[PDB]
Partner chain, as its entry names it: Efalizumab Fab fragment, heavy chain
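Taking the form deposited without the partner chain, here's one chain by itself in structure tokens.
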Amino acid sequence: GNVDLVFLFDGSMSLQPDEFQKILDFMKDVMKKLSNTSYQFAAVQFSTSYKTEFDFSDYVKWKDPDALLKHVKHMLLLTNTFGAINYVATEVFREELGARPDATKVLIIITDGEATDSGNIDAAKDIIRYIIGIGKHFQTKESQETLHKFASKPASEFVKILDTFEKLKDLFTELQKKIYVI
């Protein structure tokens, strides 16, 4: 039925300007494609700290991804993935910020680095979690494995390793082939 979806995007220092924008363009592509549906969106940038760039209430008032993401500034710091998953779950998935109690919860994590913090993601056990690991930092099997503990299972379904930020376009192509009425 209803799907409240949060994009949790990396704003670490490793990300070049163009790579950071390709993340934004990807999220905007998706949101545009799925306007006027049972989907509701929010977005949070995570580096060292966390910022709700816009929440569910904001999406419903605007329904305009371009406008909604126009204040994003690249944090340019670390990659605190654990703290960021917990921040989404405790501070973003809230009825007080437009979330629908009924809805299927989905989290899309987009990163170019291994996490710099630690802990657990117990607060997010009730959320379907996908993670996109992009670039050279994820060349090895071991690097790719570290990303599993953040995502739902199996990794074959919920973990996607992309070789470049151009490949975000290919992923948008792939997903659209999975868009169906019903």
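Residue numbers count along the first chain shown, from 1.
Keep in mind that the form solved in complex with the partner chain is missing from the display, and what follows is about it.
Would the partner chain be touched by all three of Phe20, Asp64 and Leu76 in the deposited bound form, meaning a heavy atom each within 4.5 Å?
Yes: each residue has a heavy atom within 4.5 Å of the partner.
Against the partner chain in the deposited bound form, would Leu24 count as a contact residue? Criterion: heavy atoms within 4.5 Å.
Yes, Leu24 is a contact residue.
Looking in the deposited bound form, any heavy atom of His71 within 4.5 Å of the partner chain?
Although the partner chain is absent here, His71 would touch it in the deposited bound form, with heavy atoms inside 4.5 Å.
Under a 4.5 Å heavy atom criterion, is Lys51 part of the interface with the partner chain in the deposited bound form?
Looking in the deposited bound form, residue contacts with the partner chain do not include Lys51, since no heavy atom lies within 4.5 Å.
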